[PDB]
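Data first, discussion second: the structure below is written as structure tokens.
Below, chains carry the letters A, B, ... as their sequence lines are ordered, and counting in each starts from 1. When a ligand or atom number is given, it counts from 1 through the structure's own listing order.
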Amino acid sequence: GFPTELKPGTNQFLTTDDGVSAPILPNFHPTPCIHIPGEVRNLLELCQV
Amino acid sequence: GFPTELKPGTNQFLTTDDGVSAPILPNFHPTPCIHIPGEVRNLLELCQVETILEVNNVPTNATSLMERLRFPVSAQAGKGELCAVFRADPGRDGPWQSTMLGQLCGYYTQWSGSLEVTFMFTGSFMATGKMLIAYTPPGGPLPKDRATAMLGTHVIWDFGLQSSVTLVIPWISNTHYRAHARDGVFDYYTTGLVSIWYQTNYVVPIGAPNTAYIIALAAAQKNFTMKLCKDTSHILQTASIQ
Amino acid sequence: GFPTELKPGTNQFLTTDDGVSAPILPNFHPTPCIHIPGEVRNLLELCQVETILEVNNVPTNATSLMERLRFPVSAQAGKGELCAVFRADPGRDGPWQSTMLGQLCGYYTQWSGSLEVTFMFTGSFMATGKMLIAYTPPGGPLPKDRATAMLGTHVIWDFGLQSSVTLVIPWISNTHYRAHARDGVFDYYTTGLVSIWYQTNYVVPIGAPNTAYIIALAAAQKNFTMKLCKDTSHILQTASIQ
Amino acid sequence: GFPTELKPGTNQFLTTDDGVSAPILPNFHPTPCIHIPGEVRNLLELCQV
Amino acid sequence: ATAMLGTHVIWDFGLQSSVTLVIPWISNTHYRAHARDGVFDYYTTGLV
Amino acid sequence: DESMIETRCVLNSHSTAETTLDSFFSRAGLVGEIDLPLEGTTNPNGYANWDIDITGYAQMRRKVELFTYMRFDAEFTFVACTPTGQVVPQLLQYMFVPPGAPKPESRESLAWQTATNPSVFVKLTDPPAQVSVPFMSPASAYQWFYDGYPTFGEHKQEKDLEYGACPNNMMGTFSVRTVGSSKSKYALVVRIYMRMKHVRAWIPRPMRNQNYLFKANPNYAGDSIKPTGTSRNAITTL
Amino acid sequence: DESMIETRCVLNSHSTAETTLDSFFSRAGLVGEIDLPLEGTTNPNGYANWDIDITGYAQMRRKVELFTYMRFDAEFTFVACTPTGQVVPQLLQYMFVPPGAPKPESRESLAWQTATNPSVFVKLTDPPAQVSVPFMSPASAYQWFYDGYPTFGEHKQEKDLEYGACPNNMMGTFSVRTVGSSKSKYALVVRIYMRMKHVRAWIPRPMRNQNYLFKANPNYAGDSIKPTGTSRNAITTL
Amino acid sequence: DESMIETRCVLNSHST
Amino acid sequence: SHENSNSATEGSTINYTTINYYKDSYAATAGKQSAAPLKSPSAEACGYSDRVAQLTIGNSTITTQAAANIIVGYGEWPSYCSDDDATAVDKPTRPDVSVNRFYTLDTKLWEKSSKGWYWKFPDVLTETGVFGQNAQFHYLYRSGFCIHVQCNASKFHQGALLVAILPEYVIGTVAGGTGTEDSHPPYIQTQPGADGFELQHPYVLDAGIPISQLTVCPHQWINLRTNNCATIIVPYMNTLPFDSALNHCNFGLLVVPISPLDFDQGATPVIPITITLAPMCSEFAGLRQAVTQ
Amino acid sequence: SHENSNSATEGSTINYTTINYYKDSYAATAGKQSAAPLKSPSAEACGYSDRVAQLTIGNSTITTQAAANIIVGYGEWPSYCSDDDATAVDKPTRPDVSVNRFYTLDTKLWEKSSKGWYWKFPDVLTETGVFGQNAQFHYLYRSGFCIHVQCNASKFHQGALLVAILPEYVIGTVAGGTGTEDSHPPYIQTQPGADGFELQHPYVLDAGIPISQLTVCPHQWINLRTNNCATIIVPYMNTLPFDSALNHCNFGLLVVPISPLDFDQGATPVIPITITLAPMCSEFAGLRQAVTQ
Ligand SMILES: CCCCCCCCCCCCC/C=C/[C@H](O)[C@H](N)CO
Ligand SMILES: CCCCCCCCCCCCC/C=C/[C@H](O)[C@H](N)CO
């Protein structure tokens, strides 16, 4: 085994942690995204309305 | 030790997780793969094979179970009589469960694409006539007459001249994919209704049988696709296998 | 910490797992490897060495245990008499367990390739005659006469002129590999039967012994291969070693 | 998380294991090594005396 | 079952009204004399 | 399609990747449940010898019996637990026993030394033990349907159970123990889950429309032959 | 082969890789079981000194005694457990004691300070402790069969036990303790598993066809000399 | 002839 | 290069991208994948019309519709075993005229209440002709098959037969009816020989598998108005290059009336179904004394 | 480069691809591996016919069949220790004519009930000749051997001997018969000298190993109809470059009748087996006073 050392913070669940997770479905491709009007990319777009 | 941090999801066993596992046998090479005919690389290859559609799923007794594969056609009064109806949903409980497309559809939540239903006439060579096989898009109920049914997608099938016709059920849906149509809210995903009507009649001369049968063979087209692999529910074993 | 996720199989100890382990001794260099003769790099090298095949595995007493390595040949009535039979299965319980090929075969589930069985005549130089050593492919039972046996793969062995012959048991199998043939369902993996028949006789003049012996030496060919390493069952120690 | 598998030997403390360990002091540089006479680099130097 | 072990044709007479069973020249000799009841049955062509 | 209706151009970017065998079969499912009870007569000695056979549970068996021949490697996951669901501090020794290797006769059997047998030592507090199992068969594929007998000779009714038994598929025993000289203080249940990786399948059969009754056996209830699908009152109505 | 029968061309792509010594021997098997009981007289003090010898269990011993000389590195795995199978929260100190190093005389012995000895501290709740052990022997290979004596001088019956004792093979003691001044509250069993990596073997011997009785000893039961294989009633029948 | 059985090459030097 | 090439998909034509952290390729993840045989293709669809222009093999000749009505099983013509695919070092015998010929088995009568029959291959030919003698004499066997099921009826008769080829047609039992007996089919049921065996439950094919999905197997219809015969070209389908012809059947030929036979009184009530079949590319190896079973 | 080259397979000719995460190469995985010596090759098979054209060594000469009947043990000729393989810094003595010569030990009689004998090397020659004197005087010894077992019989005699060379022939006991005594063989049994020791249980070779697999060791048959002698060329086989000649035996020579001696009354009942053997490339080092044991 490659020598590793667990730091503080293992087995913690940070709700805003942007981590990799095990996919429940191998090779599942979703429904292709059709063009839907109105698309929002930033909440400041809503703030400016 | 290299500084690492365990995330949520460690020591979990996801059954569909495509992960690396410790090999029980170092340097074990398997038996070389000889050429075996018939090889399948995709389940949609099985979906495209035509399988007998059990339109006549009326009889339940074991002595009359083989009668489900065919449905009768006979001489009528020439008023555009109704021969047989069935829903065009492959994953729905009913006639389509007898097909390979239906049984494979039980393993997938969402399906899309056109469907091939081939009706093979199994009467005499003297037996002649035409049938109106109408596919009703969703929204239209069961037609009360052939005049109602011909407004939908339909084929007029001279079974006397050509013994086999294929009604291509076109992919007509609001959604890009259809889930399993069910009695209730999930009837939103109905494919529609397929009904067979006597275009003229079943005409036979003296010496030919007055009743013939049609073997419906259902398949899928090359545009058929599947999504969201799931446990099948077309058959449920409630007892433990000894 | 680098985001990691433990899969199923952590904290498991797979005994055949080829993994990295923490070295108890940093910078410990071992004793330099001098040249030692005889070095083995593959167990199939041991499989190809000819070892005494105990065809005459009749006697059980310790005083007559050395008689198992040879089997008698003597003057007969000249009717194609039966000398000795044995199964051609190296991993099977019986005559082949005395061989190195048989004992190594206990450590491997599946074997493939041809087998070399060498019969060495150990009579007088005046002792002469021929033997029909027939290998029966599977399906054929024990031949009741030499006429039945000669229909299979056979050698006619003048032991008077050449003291040693080798019956090459050819790899004749439905499967690419053979598991251990067993009494029961696993007799599907039988190699067949090898039987020795008097082609003419055992002929000796006055002063030569009337009974001689043949030492069967079994081996494997260069095409012999092995698969699926397993615990041996040719010998089972049921007591603890003190 | 990157798929990993613990082997036999985790949470073991091998006393002669030459492994990496967490430093108690970030950016602590030691006292510079002055030249001290007599330096030994191998115990066989002591063996030859 | 005995007969199908020899040279045979399976003839759908409903679909094709005429079939031809080619009796192949299967003989020990290069030429056949007249087959007769007796010794000269050596020159039999066989049975159809 | 265009031979039936007038069609519009549809750019169908619909993926077929989820209908591959490596998508249909690479999902772990229950193929064996092993009980190690404290007072029951099933495995009272703390050890169990389970012959490897995935045809004991209807879902996986029907999935693999869709095809006749099926060559694959397998990810074997063993979820050991207390049959009340507890995670007890108990250490188990799984050990793959290949055909011909000695199947253990006791918990403290000498075959547990696993000098050549592949064995897994894992505690119940650990995550389920996962191992990759390669393609075992001496054949070129596994064979869920063997139309014939393994052995030659006359086949009477007493040996009719050998019909369908292809020893290219019975590839040994999965042996599980509680590692100790004394009996464990917990009841253990080991649940075996197989995920099929690198899957090749050759001959598709009709699916299973009858209730499975026996392992490695297409036997069906004769008096309970039900139709493949649901029934209808009449054919002119839905 | 072609000197016996007419042969067809067979493209035999049959792998020989699984018959290598690194395939035959690189599978971990039981070479030592150490008991640390609570009331027994075997190791009542919570410590045990086990001289390293793999010839105590028949499977590994017969596998390695197929050859005479055998130079390898070893992956040593110690599966500590309660002999009822429990995984108790107990911390143990394994410690390799090389020849000449002080073998501990007690659980709280001063040799446990392991300032130079290789030692492993591992709890039972942890997975089994795994360590790579290099090639120890002052010789160029380990020697399961030493036809001779280690020492010179006259060899009487009192020193006949030295026959076959090659000190190129007895490479020290594996010492295990429960780390504490007080006696542990659990009975412990440590099972040692050796996986042989980087294996070279030189002189193949006849296999072991008699029951093993004593470690590092080819002794066999004289009145129980059984044949190498099974017996037959007659030679003209199967 | 070859529409009936698999045939071997026979050099029929038979005079007419 | 650093990994053993010992996965189950080595030798395939599919490139797999995989994640592996171990020495063995089978330890890797399933990964990504970086006319049609299953629809019972005709000889015209497979492009094998040259071999089909006259179905004459050995010393036999059948007559039927060409190309379009010749179902090649799984789109593959029968062939001799390739050098790499074979394992047995003994060279096989290829009689090729005494074994590759049409054998006519029996004349089972189609009735209005007929349920269907099955024939196991090469069990039907184990005791018939030089093919049967080679099957008994040799341990190893390998052959394709050209099965030509013949059922002639007048143009006033009606009915259809699902003439289908089910590979590894394992026979199940009724299990005592209740399903709690674990009965096994006898030798006359598993291997009924050239006479065949009538199906007890053709709906489940005596195996618990519906006949409605039997068409995924190589098959052809004998719908009497269209055709009077079905020709199925079956290759050798097995996990092995060779197998015993006596204790393993490669496939079962299912001839089941899906649409019942029907005709008015006055026509011929004897409508027989004839099974004529030819081994193709037949190989035999492992020669010993002849054993029937 | 960054790892210690301290694995057990450094110095070998096999390239190993390995996975290592530590400083030491022995911590790595077993990995992949990126005439024939074991079949008792003849001198013709090893290509050593030039050294065999006349078996004359030192001041002795034996006569036998050449090349084909000269078994080179493990396909390796005896040689002096190479500079790298040797550890002792003292330079060895090479007498080469007074020690490399054929020594004739004894004349053990083959009987019809004979069980077999073994000879331990160089224990048989520790008290014989200049070789014996060099063995007593020097701590370190290294030599190959040319053992020529001679057993002459008439062409009316029958029988065979497995003349075999078992390296490190450790003698086991009967352990009291029941197997619960842990007895050890005495010095006259472990090292019987030039007289040899008769086997008590030749089936298990007095070590619990079957004689049926003794042929994996260097061996030759003395089947009386074919040959009257066996010549085995044994190299120095040890874990060490040198060893003591007095308390360690490199190998045991097994001469066991597999086929019993048999002849009718009137022929000579005295059929003796003569052990003639020559050390080859004999080296002695570590010189001190002579010690017998
Ligand atoms: C350390 C534990 C390793 C576990 C090894 C399990 C072996 C996996 C073999 C899977 C191959 C199929 C097993 C059996 C097939 C079927 O159930 C029947 N025998 C065929 O009807
Ligand atoms: C921290 C624990 C490290 C454990 C170290 C164990 C040392 C491994 C040495 C293995 C070499 C062989 C051991 C003994 C060989 C045989 O059993 C006999 N002595 C020879 O008959």
Practice item. Mark up the atoms of ligand 2 that fall under 4.0 Å of a heavy atom belonging to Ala216(G), in ascending order. Key: 21 (O)

Review point. Does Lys123(F) pair with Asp126(G) as a salt bridge, N-O distance under 4.0 Å?
Key: no

Check your understanding: Relative to atom 17 (O) of ligand 1, which among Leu14(C), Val31(F), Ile54(F) owns the nearest non-hydrogen atom?
Key -> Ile54(F)

Practice item. Assess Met95(F) for proximity to ligand 1: is some non-hydrogen atom of it under 4.0 Å away? Key: no

Check your understanding: When rounded to the nearest 0.5 angstrom, what is the spacing between CG in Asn168(F) and OH in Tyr189(C)?
Key -> 3.0 Å

Practice item. Please state whether the rings of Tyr188(C) and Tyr146(F) are parallel, tilted or perpendicular, taking 30° and 60° as the class boundaries. Key: perpendicular

Check your understanding: Taking heavy atoms and a distance under 4.0 Å, where does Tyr146(F) meet ligand 1: side chain, backbone, both or neither?
Key -> neither

**Study point:** atom 15 (C) of ligand 1: nearest protein contact (heavy atom, Å)
**Key:** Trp144(F) CZ3, 3.5 Å

**Study point:** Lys/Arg-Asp/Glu bridge criterion (N-O < 4.0 Å) met for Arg208(F), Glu65(F)
**Key:** no

Point to revise | Over-ring placement of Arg177(G) relative to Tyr47(G), 6.0 Å and 45° cut-offs | key: no

Check your understanding: Does the gap between the ring centers of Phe78(G) and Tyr193(G) come in under 6.0 Å?
Key -> no

Review point. Heavy atom of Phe78(G) under 4.0 Å from ligand 2?
Key: yes

Practice item. Identify, for atom 9 (C) of ligand 1, the protein heavy atom at the shortest distance, and state residue, atom and that distance. Key: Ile52(F) CG2, 3.8 Å

Revision key, fill the gap. With heavy atoms and a 4.0 Å threshold, my read on which part of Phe76(F) contacts ligand 1 is side chain

Study note, to complete from the structure: Any heavy atom of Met194(F) under 4.0 Å from ligand 1? The part involved is neither

Exercise for review: Report, in ascending order of atom number, the atoms of ligand 2 lying under 4.0 Å from any heavy atom of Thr55(G).
Suggested key: 16 (C), 17 (O), 21 (O)

**Study point:** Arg205(G) to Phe145(G) six-membered ring, cation-pi geometry met (6.0 Å, 45°)
**Key:** yes

Exercise for review: Identify the protein heavy atom lying closest to atom 3 (C) of ligand 1, giving its residue, its atom name and the separation to 0.1 Å.
Suggested key: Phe96(F) CB, 3.7 Å

Review point. Looking at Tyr212(F), does the NZ or CZ of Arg61(F) lie under 6.0 angstrom from its six-membered ring centre and within 45 degrees of the ring axis?
Key: yes

Practice item. Nearest heavy atom to atom 12 (C) of ligand 1 wins, so pick from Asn169(F), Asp51(F), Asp17(C), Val133(F). Key: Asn169(F)

**Study point:** Proximity of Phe145(G) to ligand 2 by residue part, where a heavy atom lies under 4.0 Å
**Key:** neither

Review point. From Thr77(G) OG1 over to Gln130(G) CD, what is the distance, rounded to the nearest 0.5 angstrom?
Key: 4.0 Å

Exercise for review: Give me the ring orientation class for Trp144(F) and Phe72(F): parallel if the planes are under 30° apart, tilted from 30 to 60°, perpendicular past 60°.
Suggested key: parallel

Exercise for review: May I ask you to identify the nearest protein heavy atom to atom 18 (C) of ligand 1, giving residue, atom name and distance to one decimal place in Å?
Suggested key: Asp53(F) OD1, 3.2 Å

Exercise for review: Find all atoms of ligand 2 within a distance of less than 4.0 Å from any non-hydrogen atom belonging to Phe174(G), and give their numbers and elements.
Suggested key: 2 (C)

